[PDB]
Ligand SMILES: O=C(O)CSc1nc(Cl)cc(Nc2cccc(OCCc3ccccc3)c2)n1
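A lone chain, given as structure tokens: the form solved without this ligand.
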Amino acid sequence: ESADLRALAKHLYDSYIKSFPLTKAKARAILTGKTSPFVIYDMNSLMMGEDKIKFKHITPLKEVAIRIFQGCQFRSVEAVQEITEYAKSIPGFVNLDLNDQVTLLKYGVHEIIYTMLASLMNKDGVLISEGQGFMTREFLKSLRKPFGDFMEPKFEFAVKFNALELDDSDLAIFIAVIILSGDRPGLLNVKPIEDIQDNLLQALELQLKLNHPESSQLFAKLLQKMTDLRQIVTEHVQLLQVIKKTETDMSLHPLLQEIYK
């Protein structure tokens, strides 16, 4: 039965490598610099960034702050398809009621986005467009209200999350645990969701004990980060509402709005 959890851990790792092109391992090599990304530290470097590197997130289709915000949304929609593909590789997931599969992804993708975004962040900035770019924390903070404090909470979360020093093999199982949450609203058959998560939690616990034997109660500490993630998502939703209500320059092509709803 111990061999079964190690097999599940390996399976999830291999699937995570297939689904997510920019791994934490690769992201960290770039951030520390064991290899070079184009740095966006102000408006002039942003302009040169667009011009030279052609970020599909920033492509013209207007105020810089809004074009950065909309770039974040375009990337978020990309990430949802990578996560959806990963979810299908989790043993039991495809066998669930199809409405429940949709429900788990609907409520799970935000938590997963901010988990995996930590992998691309240090205290100084964030890797963008598959590690070709590095946007500074200070530059994001300098954006006019309310866009100035849109990324800052993610940075504060990331710095603390990154202190757990998890690797891709740890994260693969943690992300699977997040997807198989039996407390999501509107679920029809909670039992086989909790049975799969119970199995993933067992796999995650062995993985952290074998991978991080010196790291006392790392399992407990990682599960506590669920609190930090759900608060980040609740907080982010509350910022979207403020934006939709008080900003008059957010409008895109109506089909564009539908895609990136």
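In this text, the rigid core denotes the largest set of C-alpha atoms whose superposition between the two forms falls within 1.5 Å. Don't overthink the numbering: it's just position in the shown sequence, from 1.
Not on display, but discussed next: the form deposited with this ligand bound.
Site status: blocked, since this ligand, placed here by C-alpha superposition from its pose in the deposited complex, has 3 or more atoms within 2.4 Å of backbone or C-beta atoms. Taking the partner from elsewhere, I179 is found to have every heavy atom lying beyond 4.5 Å of this ligand in the deposited complex. This ligand in the deposited complex is approached by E50, whose closest heavy atom lies within 4.5 angstroms of it. Although the partner is absent here, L200 is not a contact residue: none of its heavy atoms lies within 4.5 angstroms of this ligand in the deposited complex. With a 4.5 Å cutoff on heavy atoms, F55 counts as touching this ligand in the deposited complex. Of the residues given (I196, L222, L46, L206), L46 alone sits with a heavy atom within 4.5 Å of this ligand in the deposited complex. Each of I40, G71 and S129 comes within 4.5 Å of this ligand in the deposited complex, counting any heavy atom. Of the residues in 74 to 91, only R75 comes within 4.5 Å of this ligand in the deposited complex through at least one heavy atom. Of the residues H236, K221, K56, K209, just one CA atom moves 2 angstroms or more between this form and the one not shown under rigid-core superposition; it belongs to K56. In the core-superposed comparison between this form and the one not shown, the C-alpha atom of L256 has shifted by at least 2 angstroms. If you compare C-alpha positions, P185 and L256 are 3 angstroms or more closer together in the deposited complex than in the form on display. The pair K56 and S142 separates in the deposited complex: their C-alpha atoms are at least 3 Å more distant from each other than in the form depicted.
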